[PDB]
Structures are given as C-alpha cells and as structure tokens.
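Here the structure comes first, spelled out in structure tokens, and everything after it is commentary.
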Amino acid sequence: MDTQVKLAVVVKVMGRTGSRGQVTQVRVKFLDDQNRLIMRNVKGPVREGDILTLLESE
Amino acid sequence: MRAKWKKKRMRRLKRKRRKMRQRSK
Amino acid sequence: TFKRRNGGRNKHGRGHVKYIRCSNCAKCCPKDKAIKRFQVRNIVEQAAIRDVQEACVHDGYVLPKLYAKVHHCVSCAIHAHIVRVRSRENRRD
Amino acid sequence: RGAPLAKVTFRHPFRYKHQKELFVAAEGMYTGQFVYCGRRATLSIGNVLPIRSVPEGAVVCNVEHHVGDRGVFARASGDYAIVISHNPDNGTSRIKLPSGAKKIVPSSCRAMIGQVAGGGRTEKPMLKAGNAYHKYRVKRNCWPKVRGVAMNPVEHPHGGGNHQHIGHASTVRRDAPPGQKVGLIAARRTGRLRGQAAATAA
Amino acid sequence: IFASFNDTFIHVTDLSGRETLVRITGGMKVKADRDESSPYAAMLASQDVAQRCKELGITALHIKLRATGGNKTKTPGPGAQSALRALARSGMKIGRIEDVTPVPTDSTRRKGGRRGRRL
Amino acid sequence: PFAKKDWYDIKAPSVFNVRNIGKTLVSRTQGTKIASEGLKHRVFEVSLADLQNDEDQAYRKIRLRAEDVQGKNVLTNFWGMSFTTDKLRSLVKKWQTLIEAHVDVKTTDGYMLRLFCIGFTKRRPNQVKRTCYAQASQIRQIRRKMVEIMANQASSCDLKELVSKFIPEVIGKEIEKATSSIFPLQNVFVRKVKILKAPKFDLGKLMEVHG
Amino acid sequence: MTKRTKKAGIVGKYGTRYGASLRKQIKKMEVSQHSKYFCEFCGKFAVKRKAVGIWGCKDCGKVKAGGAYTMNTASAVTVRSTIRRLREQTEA
RNA sequence: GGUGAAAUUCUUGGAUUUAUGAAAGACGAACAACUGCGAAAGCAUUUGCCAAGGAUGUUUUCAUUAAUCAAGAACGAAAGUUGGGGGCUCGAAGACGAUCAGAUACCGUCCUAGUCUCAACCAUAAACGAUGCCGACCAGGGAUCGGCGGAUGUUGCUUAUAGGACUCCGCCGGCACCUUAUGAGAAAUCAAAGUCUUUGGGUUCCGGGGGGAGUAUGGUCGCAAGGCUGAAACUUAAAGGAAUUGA
C-alpha cells in the first residue's frame with residue numbers, strides 16, 4: 001500500500017539508535033492530503049515542519 | 001560468623017581429602 | 001563502602017521485605033530496592049491518535065491507557081531507564 | 001483384614017425385621033452412640049446414608065458401585081474418598097476416589113460419613129520376618145517369595161544360568177496368554193521417576 | 001440494521017506477532033501471517049512488517065464477508081502496536097469501540113518469566 | 001467454509017438497553033452437530049458505552065450467554081457482568097487505601113452472583129498529606145458491612161430487578177452515603193458477576209424476559 | 001539413669017541389629033502403644049490400646065475407634081473438621 | 001518454543017490461539033510505604049475462636065523483687081533430609097542447541113531430587129545495623145507509626161453529641177530522616193562510631209601480624225552432610241582499611 005502525494009512532513013522520529021543525528025527511518029505524514037502514515041527513510045536528523053520531496057513515495 | 005570462598009572451597013575438600021586416603025585413587 | 005546514611009540500601013528495621021521478580025530477568029528483588037517506574041501511556045502514539053478517532057464511533061472515546069509498573073534488577077535500569085549516575089548532593093533526593 | 005469393624009446391634013422385633021451385625025468402623029465412634037442407617041439420616045460420623053444428601057467436599061468411607069453391594073471404594077485403612085461434585089444432578093454423583101480417579105456412580109448409592117479406622121497400619125515397618133509371617137498366615141497368602149532366578153528353568157522362565165540373572169526382558173505383553181504372562185505386565189514405564197496417581201480429567 | 005460487533009485479536013510476543021481474525025464469540029473466520037515472505041525473526045515484530053499483516057486480516061472482514069463494527073484487542077506490548085492500530089483506519093474498518101485487555105499480572109511469580117510476560 | 005456459514009444476529013433480552021449485540025458467522029446448520037443447538041452458551045460482550053451511547057460507562061462489558069434461539073435470532077439473558085482491565089488499572093492509584101470485599105449470594109430462583117466492591121478514602125478539605133491512610137482494622141470494619149449491605153439490597157426477584165440497578169450502578173452509591181459517617185468509601189461498583197451455580201434453565205420463565 | 005544413655009524400648013530389643021533409621025518410626029509408634037491417653041468421656045488418663053485400631057478405657061468401659069498405634073491421628077482431625085463445617089453451613 | 005542471531009524441541013497425531021466448565025497444586029500483584037509487628041529467624045485475601053506481646057494510661061498493688069552473664073535450657077531462613085500427603089509451577093545433576101580450540105556455563109530446550117504441607121531430623125547464613133546488653137548525659141528541626149491530653153476547629157449528622165478520619169499544638173514510647181556536631185575518628189563518616197588521653201559507669205563476649213588454618217588432631221554432637229570446639233611444624237614482611245592522585 002501507499003499513494004503518492006507531493007512533499008511530506010516528518011511527524012516525529014519513531015525512535016532508532018540516535019542520540020544526535022538519527023540514522024534510520026522516520027514516520028511521515030503527507031504534507032497535503034494528510035493522515036496517511038507510512039515509514040519513509042532518511043539519513044540524518046529531521047524536524048517537523050521540514051519539507052522534503054517524496055517523489056514516488058510508496 | 002563465616003567469612004569467604006576460602007572456607008567454601010576448603011569445606012568441600014575437608015572431608016573429601018580424608019576419604020581420598022580410603023579411596024586413594 | 002559507607003558513604004551513606006541509608007545503611008546498606010533501604011533497610012530500616014526490616015532487612016527483608018517480600019520479593020517481586022523483575023520484568024526483564026525475573027531476579028528476586030525486595031520492593032524498596034526494586035525500582036518501580038510509572039509507565040502510564042497511550043495505546044496509540046502522537047500521530048496514531050488522529051487516525052483512530054476519525055474512523056471510529058464516539059467522540060474520541062477516552063482511549064483506554066496502559067498502566068504498568070516496571071520492575072528492574074538494578075542493572076536493567078542502568079542500561080536505558082533512570083539511574084544514569086548523579087552528583088553527590090542530589091543523591092540524597 | 002487386620003482392622004476393626006464396629007459391632008452395631010439392631011435388635012428390634014416384628015418377624016421380618018432384618019437386623020444385626022458389623023457395619024464398618026469409622027474414626028471417633030464410641031460405644032453407646034447410636035447409628036442411623038437410611039435416607040433422611042442426620043449428618044454425623046459413622047452414619048450411612050445416600051451420597052446425594054451428603055454435601056460436596058465431604059470425606060466418606062465406603063461407597064456402593066451400584067446400590068446394595070455394601071462397600072466397594074475405600075475400605076483399607078487410613079484411606080478415604082472425597083465426594084468431589086454433585087450439583088442438582090439426579091443421575092450422577094461424582095466421587096474422587098483414593099486412587100485419584102473421578103468416578104460416575106448413581107446418586108442413590110450409600111456412603112458412610114468419616115474415614116475408616118485403624119489408619120497408619122501399613123506405614124511403620126514390621127522389623128521382623130516373623131511379624132510378616134503372622135499377618136500373612138491369617139489372610140490368604142503364602143508367605144515367602146522365592147525369586148524367579150533362584151528357581152529352576154523348568155519351573156520358571158527366569159530361572160537357569162550359571163550366574164544369577166534374569167535371562168530376558170521382564171516386561172511381557174498384556175495380550176500374552178496365561179503361562180507366558182510374567183514379570184512387569186504391560187508397564188507404561190520403569191526405572192524410578194516422576195509418576196503420579198490415577199489422574200482422569202473431565 | 002447493522003448490529004455490527006466483531007473482534008479481531010492480535011497475539012503478540014516481543015519476538016513475533018500474528019493476527020487471528022476472531023469474532024464476538026471468538027471463533028476465527030481466518031488467520032494469516034508473514035514469514036512466507038522474506039523477513040523472519042524480530043522482523044515481523046518490526047513495525048513495517050506489522051502493517052502487511054494487518055491489512056491481510058481486515059480485507060476479508062469488510063468487503064467480502066461484510067461485518068463493519070470491530071474491536072481491536074491486543075495482548076502485551078510490541079513495537080508493532082502503533083502501526084497496526086493506525087492502519088485499521090486505512091483498512092476502511094470502523095471501530096465500534098476499541099478495548100485492549102492484554103491480561104494483568106496478578107503475582108504469577110515464577111523465575112522462568114511467567115510473571116516476566118503479562119502487563 | 002465461508003460460502004456456507006450462517007448469520008446470527010444476536011438479541012439482548014427485554015430489561016436492558018439496545019437489543020442489538022453483533023454479527024457472527026459460524027458454519028452451516030448441517031445435521032448432526034447443528035450450529036444452532038451446538039454452541040449457544042458462548043459469550044457475547046458489548047460495552048455499555050455502545051448501548052447507552054454515553055462515555056460515562058466507557059468501560060463495563062457485560063457477559064451474556066444464549067439459552068434459546070428462535071430462527072437465526074439468538075436470545076440471551078444475563079449470565080454475568082464484567083469489567084475492563086483498564087478501569088481497575090486507572091482507579092487504583094498509589095498513596096491511598098484499598099477496601100476490599102467479596103460476596104456470594106443467590107437470588108429467589110437460585111441464580112448465583114458474586115458481587116464485589118472496592119473503595120478508597122475520599123479526600124477531605126485542607127489536606128497537606130500526599131497519602132491519607134485509614135488504619136486497617138478500621139478498614140476491616142467497613143469490609144464486613146459491605147457484604148451485609150449488598151446482600152440485603154440484592155437477593156430479590158432473579159436477575160431482572162438487580163441487573164437494572166447494576167447498569168447505572170445505583171446499589172454501590174447508596175452504600176457510600178450511609179457509610180461516610182464513620183469512614184468515606186469512594187467509587188463502589190458491582191464490577192464483576194458470574195453465574196457458576198445456576199439453578200435450572202426453566203425455559204418458560206426465560207421467555208418472560210424476551211419479547 | 002542406670003546403663004541407659006537415651007532410651008530404647010526397641011533399641012534394647014534388637015541387640016546390634018536393624019539400624020538407626022528403622023528404629024525412628026517404630027519407637028514413636030511403640031511409645032504410643034504404651035501411652036496412656038485421656039478419655040473424652042471420663043477425662044481420666046486411662047485409655048490404652050485394646051487392639052489394632054481399637055482403644056478401650058478401663059474405668060468407664062468405653063470402647064473407641066482410633067488409629068492403629070495411636071489414639072487419633074493428624075488425618076483424623078482434618079476429616080472431622082471439614083465434615084462438621086460442611087454440616088454447619090448446609091443445615092443453616 | 002526462542003533470540004542478539006539460530007537450532008534442538010513441538011506442529012493435519014490442525015497445533016499456536018479461542019472459549020467454557022471441572023480438576024490439581026501453588027500464591028496473595030497493583031495496593032504495600034526511608035511505614036508495622038514479632039526474641040530473633042521471620043510475617044500481607046476474608047472471617048470465627050483460642051490463648052499471646054509491646055507501646056500507652058493508671059493518687060491500683062508488691063517493695064529492691066533489679067542489671068548482665070560461663071554453664072545450662074528454648075526457638076532458629078534456606079538447602080539437604082526421615083516417612084506420609086502432594087508434585088501445579090519451576091527446577092542442581094544429566095541430556096540436548098548455539099557460542100566456544102575446551103564451555104561441562106551464562107544463553108536456549110527437556111527435567112529429577114526438591115519446591116508445597118504435616119509429624120520428625122538439623123543448627124548453619126552478608127541469621128547484618130558487619131555496629132553486645134543495660135543506664136544517665138551532651139543539639140536544632142519537620143514528617144510518619146501507636147496511644148493519651150487540650151479546641152463551644154473542619155468533615156461527621158452519629159436524635160444531638162461523644163467518637164472516629166482530617167487539621168493542630170503539647171506529649172510518652174517508636175522506625176528512622178534531615179541539617180549542623182559541640183565531640184570522636186585514620187579518614188570516609190558518625191546525635192553515636194559522642195561523653196577513653198577529659199584515659200578507670202555496670203556486666204559479658206571476642207581479637208591481639210599475614211599465611212599454614214579453620215585445617216590437622218582429640219573431644220563432643222549429628223540421621224547423614226557434616227557441624228561445634230580448635231593447634232602446630234613450616235613460611236614470610238607486610239596482609240588489610242579509608243581517603244588521594246595517575247592509568
């Protein structure tokens with residue numbers, strides 16, 4: 001499953017190892033057409049309000 | 001009172017080494 | 001050794017309480033030396049809250065939280081939870 | 001059986017009155033105490049009455065394996081059955097036996113309140129061969145046990161051999177015919193560990 | 001009218017999870033789980049894998065058979081819990097009420113982690 | 001199996017809320033081990049939240065067992081009152097007393113019930129203490145009273161009357177008022193109830209509680 | 001006392017024979033055979049072992065059922081108590 | 001099942017799971033606390049009975065009965081055990097899987113004795129407050145446990161009240177904390193480890209370098225395990241403590 005909407009805002013890092021700088025996935029919601037919860041992958045820390053393109057997303 | 005593992009080891013060996021002369025081997 | 005007014009550790013006219021076993025390892029611990037921590041926490045999440053209530057009957061419900069005291073063997077608490085070490089004065093807290 | 005039966009004397013006349021003789025002894029019974037035998041009898045030790053009127057969880061001695069056979073379950077000393085279940089069940093009273101088996105038996109069947117007397121009899125040791133002899137003499141048993149190894153090969157399958165030994169496997173089949181069927185007959189296991197009482201489930 | 005009550009049960013250990021599509025009496029209509037696919041072990045317990053399991057359940061219950069109201073009930077806590085619960089919305093499943101009732105600790109206190117489980 | 005399974009819509013009795021309970025599928029009513037006659041006495045739990053509408057009973061599930069079926073519409077009478085775990089887990093917070101009690105009672109015809117009752121000391125104006133404890137033998141005096149009071153209010157005309165008190169939990173609250181003169185009591189609920197020593201079905205009588 | 005350390009009964013009977021474990025059980029149950037017991041009926045410390053499982057009080061003449069070696073038994077106490085409790089609650 | 005990762009092991013002999021009864025045996029979560037009681041070991045469901053013990057109160061009574069102890073006596077966790085009940089759970093040894101050159105273990109899985117109870121043994125624990133018992137004194141403060149006293153306080157509503165829970169202040173006796181410590185101490189710390197160099201309050205026990213050795217030997221005891229009592233040859237200059245500074 002998963003649609004494909006423009007952008008995506010990270011709701012909050014669901015955990016991982018971490019401490020400072022967060023290598024592993026994060027749970028994201030689509031910025032527009034909200035309330036679709038999936039796990040998309042990032043390297044590095046990330047904040048809510050951040051804008052990143054999730055082009056094909058899935 | 002009772003001390004430490006020195007007495008623990010030697011307790012086991014106390015009657016064993018008396019009986020290891022009847023046995024020998 | 002003795003740096004403590006607390007004697008050995010939580011022993012005040014008792015010596016031995018009545019044992020709980022750790023959630024983590026199941027080692028016996030008397031209750032006052034156990035380490036209990038309130039984990040009153042939602043089932044959902046932050047994000048999850050929204051989704052459930054949209055697709056559910058009744059306005060929000062209440063959401064029926066999970067309540068658990070978590071029992072540690074001392075060692076277990078050090079690795080993640082609340083021990084961490086301290087500075088000398090604040091240890092009397 | 002080397003254990004007592006209380007002599008209870010019923011004496012009342014008529015002519016066809018039938019009376020007299022030995023009901024099985026229970027603990028705590030005394031001479032000159034009255035014994036009541038029947039349906040609506042009071043609940044006191046030594047009285048015999050149908051099992052239905054006895055409440056659940058109640059220790060009894062003697063039960064009937066169909067009415068009028070007089071005493072079948074628990075009769076050997078210091079043993080007793082405990083009536084495990086009833087409910088309002090017309091058909092069935094369930095009794096946990098001293099074997100540990102849970103038995104369906106009619107609710108009409110009589111049982112006597114209490115445990116049977118003379119308990120502890122077998123527990124403490126004889127400490128003579130001669131004490132053993134006297135008990136077995138009075139009952140139907142021939143006293144000394146000669147081992148199968150000690151017997152000749154003609155007399156016994158385990159006999160014979162230069163040295164002392166049982167020649168073959170002791171365990172023989174249950175289906176095996178008379179003469180063949182020797183040793184530990186149809187043993188579920190052997191060698192010394194971790195069994196239990198008869199354990200039915202319901 | 002839609003009387004609409006039908007429980008789904010998720011049987012969880014920390015190590016792995018499986019979903020059993022039960023009902024109000026509790027007899028199962030169907031069950032399914034991952035491990036026919038590639039990830040095995042604590043990668044089932046994993047939240048990404050948990051979503052895959054959840055949807056497989058739901059799809060039978062609604063559209064095909066056609067019960068609509070449903071309780072989610074779970075047994076003790078995994079990492080998977082948030083993912084399963086969130087995805088019930090995207091299953092197009094309507095929660096009649098949600099109650100989790102994993103089984104409480106009551107002093108089933110024995111060394112082999114008999115107590116160690118529970119909640 | 002799915003293209004053979006029945007549908008039972010399960011009906012509550014009369015004295016109760018909303019008559020609808022749920023939807024099941026079983027497996028076709030095939031001769032010898034029919035799906036109807038077979039089961040029944042399984043358990044149906046629906047929260048009082050989904051029956052009274054309100055969330056002032058957001059917990060409290062009720063165990064109903066089926067005794068009779070009339071053509072794929074399965075009747076039920078009270079065979080218990082249950083509780084969530086989450087309700088006991090909330091309520092029971094640290095630093096305060098428990099007051100515990102158990103009851104066994106039968107009703108007119110001998111349907112067996114087990115009533116419970118738990119209670120905390122209630123906070124008083126001007127408290128400094130983070131604790132506020134009663135004094136144990138004092139607690140015990142309360143406990144003895146609870147059993148008597150519940151029994152007197154109860155054992156009247158079967159399930160029927162008592163059940164309709166249980167749902168808005170009237171019985172519990174009446175206790176608190178009288179008792180408070182000597183010692184508080186907080187909450188006080190029926191909590192759980194199982195039948196485990198039923199009389200007889202008495203199928204005639206059951207249909208009075210059905211319509 | 002005389003040439004007696006502990007006591008015997010049956011230790012003296014044996015000679016060298018039988019053994020230390022074996023005498024423990026039987027010493028306890030043979031002292032019980034000898035043992036005077038108080039009657040429920042008269043209250044005197046009369047009662048003596050008539051036979052196996054049979055006890056008789058000499059003075060009042062009352063004959064009583066009991067254990068083989070001993071007047072009563074631990075098992076006997078348990079059995080009577082449960083029966084009396086069940087009788088008491090049901091009769092109510 | 002299981003875990004970090006796997007496997008032994010269990011799976012149409014449709015497990016796992018699910019519900020309902022019943023049986024069996026165990027245990028009293030959360031509540032349950034720098035809080036209680038009991039000589040101590042130790043002791044948490046309800047209720048009844050039975051005797052018991054401390055604290056407190058007392059213009060009741062006796063009038064020095066007291067204090068503390070070799071000997072001697074009672075009780076004394078666990079394990080092991082003697083015999084029954086009893087064996088649910090778990091679980092030395094063993095037997096299995098990984099890990100491991102070895103792994104006999106941690107870890108996983110099977111599981112016997114045993115765990116439980118009862119009558120018996122036993123006599124030991126970091127059986128600890130590592131701190132003898134008893135008495136008087138030297139220093140401020142707030143909690144909480146128990147009882148008592150004083151309030152035309154609160155709640156209670158008990159007919160009204162008294163009580164009781166709450167708030168209080170005073171107070172006997174507590175478990176202890178807190179902060180300073182006059183003072184002790186080697187320091188860490190400590191209202192006792194103070195009141196021993198200001199050297200001697202009463203009583204008792206023990207140590208008197210480290211190892212050997214808590215063994216050897218003898219006596220004593222124990223059912224057994226083994227305990228209790230307890231050396232010396234010979235070795236050797238430090239063993240040990242607390243704090244401090246490095247790594």
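Note that each Cβ is placed from the backbone with ideal geometry, even for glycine, and that neighbours are counted across all protein chains shown. FYI, it's all coordinate maths here, none of it is from the lab.
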2 or more residues among the hydrophobic types (A, V, I, L, M, F, W, C): qualifying strands (runs of 3 or more DSSP E) within region E:7-99: E:8-12, E:30-32
Residue list for region E:1-31, filter: within 14 Å of chain F (Cβ to nearest Cβ) and among the aliphatic types (A, V, I, L, M): E:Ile1, E:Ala3, E:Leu21, E:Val22, E:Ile24, E:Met28, E:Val30
Of the criteria (1) touching a helix residue (DSSP H, G or I) at 6+ places or on another chain (Cβ under 9 Å); (2) within 13 Å of chain D (Cβ to nearest Cβ), which one G:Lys7 fails: (2)
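Looking at D:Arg110, D:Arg70, D:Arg121, D:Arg140 in this structure, which one is under 30 Å from G:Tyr18 (Cβ atoms), under 18 Å from the mean Cα position of the chain (by Cα) and more than 14 Å from every other protein chain (Cβ to nearest Cβ)? Before the answer, list the steps.
Numbers: D:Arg110 fails: under 30 Å from G:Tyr18 (Cβ atoms); D:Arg70 fails: under 30 Å from G:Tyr18 (Cβ atoms); D:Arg121 fails: more than 14 Å from every other protein chain (Cβ to nearest Cβ).
It is D:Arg140.
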Count of residues meeting criterion [in contact with a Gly (Cβ under 8 Å, 6 or more places away or on another chain) and crowded, with 21+ Cβ neighbours inside 10 Å] in region E:24-52: 3
Residue identified as within 14 Å of chain F (Cβ to nearest Cβ), free of Cβ contacts under 8 Å to residues at least 60 places away in the same chain and over 28 Å from E:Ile10 (Cβ atoms) among C:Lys31, C:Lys11, C:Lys27, C:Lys69: C:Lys31
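If you go through region D:96-124 one residue at a time, how many are over 21 Å from D:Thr42 (Cβ atoms), among the β-branched types (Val, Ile, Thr) and in a strand (DSSP E or B)?
2
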Residue selected from region F:181-211 under the condition within 16 Å of RNA strand H (Cβ to nearest atom) and without any contact (Cβ under 8 Å) to a residue 12 or more places away in the chain, by the criterion nearest to F:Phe78 (Cα to Cα): F:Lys200
Residue count, region C:46-66 (criterion: of a type in the set (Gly, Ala, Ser) and either within 14 Å of chain F (Cβ to nearest Cβ) or under 14 Å from E:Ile97 (Cα atoms) (or both)): 2
Scan of region B:1-15 for residues that are assigned to a helix (DSSP H, G or I) and more than 6 Å from RNA strand H (Cβ to nearest atom), ordered by number: B:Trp5, B:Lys8, B:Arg9, B:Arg12, B:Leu13
Options F:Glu55, F:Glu37, F:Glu67, F:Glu45: the member that is within 11 Å of RNA strand H (Cβ to nearest atom) and acidic (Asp, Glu): F:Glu45
Candidate set from region D:23-48 (those that are of a type in the set (A, V, I, L, M, F, W, C) and outside any loop (DSSP other than H, G, I, E, B)); member that is farthest from the other protein chains (Cβ to nearest Cβ): D:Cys37
Filter result for the condition that a residue is free of Cβ contacts under 8 Å to residues at least 60 places away in the same chain and either out of contact with any helix residue (DSSP H, G or I) (no Cβ under 9 Å at 6 or more places or on another chain) or of a type in the set (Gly, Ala, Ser) (or both), over D:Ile104, D:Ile51: D:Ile104
Only one of D:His156, D:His163 that is more than 14 Å from every other protein chain (Cβ to nearest Cβ), surrounded by 14 or more Cβ atoms within 10 Å (Cβ to Cβ) and either free of Cβ contacts under 8 Å to residues at least 60 places away in the same chain or away from RNA strand H (no atom under 16 Å from the Cβ) (or both): D:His156
Residue among C:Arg84, C:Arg91, C:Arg37 that alone is of a type outside the set (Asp, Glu), touching a residue at least 24 places away in the same chain (Cβ under 8 Å), out of contact with any helix residue (DSSP H, G or I) (no Cβ under 6 Å at 6 or more places or on another chain) and surrounded by fewer than 16 Cβ atoms within 10 Å (Cβ to Cβ): C:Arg37
Complete set of residues in region E:53-85 that are hydrophobic (A, V, I, L, M, F, W, C), facing another protein chain (nearest Cβ under 7 Å) and buried (at least 22 other Cβ atoms within 10 Å of the Cβ): E:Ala67
E:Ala88 away from RNA strand H (no atom under 16 Å from the Cβ), facing another protein chain (nearest Cβ under 8 Å), under 15 Å from E:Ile24 (Cβ atoms) and crowded, with 22+ Cβ neighbours inside 10 Å: no
Residue in region F:107-124 that is farther than 30 Å from F:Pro199 by Cβ, within 14 Å of chain C (Cβ to nearest Cβ), without any contact (Cβ under 8 Å) to a residue 60 or more places away in the chain and charged (D, E, K, R) present: no
